[PDB]
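Novice: Sequence below, structure please.
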Amino acid sequence: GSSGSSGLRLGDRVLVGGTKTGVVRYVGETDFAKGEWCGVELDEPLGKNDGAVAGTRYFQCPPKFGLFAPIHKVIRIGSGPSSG
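Specialist: Residues are numbered from 1 along each chain as shown. Please see the structure below:
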C-alpha cells in the first residue's frame, strides 16, 4: 500500500518494538533476509549489531546500537500532514 506512511526517511526517529526509540540509519533490501529492512539506531546499548551483516556495513555505527528490523515492523513518530 503505497500511500505515504512507508519507507521512512533516512534519518528520522522511529519506534522499534513499541518502546525503544531510534533514528533510521539505513533503508533498503539486505543480503541475508528477503524483503526490505530498516536499520534503526538506538540511543542506549539495546541493539544486536552495529549495522554490519556478515561484514557488509551499510552505515557506520558503534557496537551495540544499530538494530536491523523489517520496514513493516517499524513505526513512525513524526507526522507530516499535521497542524495541532
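Novice: Send me stretch 74-84 as PDB with only the CA atoms.
Specialist: Written as PDB, here are the backbone C-alpha positions of stretch 74-84 (Å, rounded to 0.1, in the frame of the first residue of the first chain):
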ATOM      1  CA  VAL A  74       8.700   0.000  12.100                       C
ATOM      2  CA  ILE A  75       6.600   2.800  13.500                       C
ATOM      3  CA  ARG A  76       7.000   6.500  12.800                       C
ATOM      4  CA  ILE A  77       6.800   9.200  15.500                       C
ATOM      5  CA  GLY A  78       6.800  12.200  13.300                       C
ATOM      6  CA  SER A  79       3.700  13.400  11.400                       C
ATOM      7  CA  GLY A  80       3.800  15.400   8.100                       C
ATOM      8  CA  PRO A  81       0.200  16.300   7.300                       C
ATOM      9  CA  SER A  82      -0.400  17.700  10.800                       C
ATOM     10  CA  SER A  83      -1.200  21.000  12.400                       C
ATOM     11  CA  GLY A  84      -2.300  20.700  16.000                       C
END
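Novice: Give me the buried positions along that stretch.
Specialist: Within stretch 74-84, the residues scored as buried using 16 or more other C-beta atoms under 10 Å are 74, 76. For the C-beta atoms, the positions are set from N, CA and C on the backbone; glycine is no exception.
Novice: List of residues touching it?
Specialist: Residues from elsewhere that reach stretch 74-84, judged by C-beta atoms under 8 Å, 6 or more residues apart in numbering: 4-5, 8, 12-16, 18, 21, 24, 38, 40.
Novice: Ok, stretch 35-42 next?
Specialist: Stretch 35-42 has contacts (C-beta under 8 Å, 6+ apart) with 8, 14, 16, 20-30, 47, 51, 58-59, 61, 65-71, 74.
Novice: Can you go through the contacts of stretch 74-84 and name the buried ones?
Specialist: Buried residues within the contacts of stretch 74-84, counting neighbours by 16+ other C-beta under 10 Å: 8, 14, 16, 24, 38, 40.
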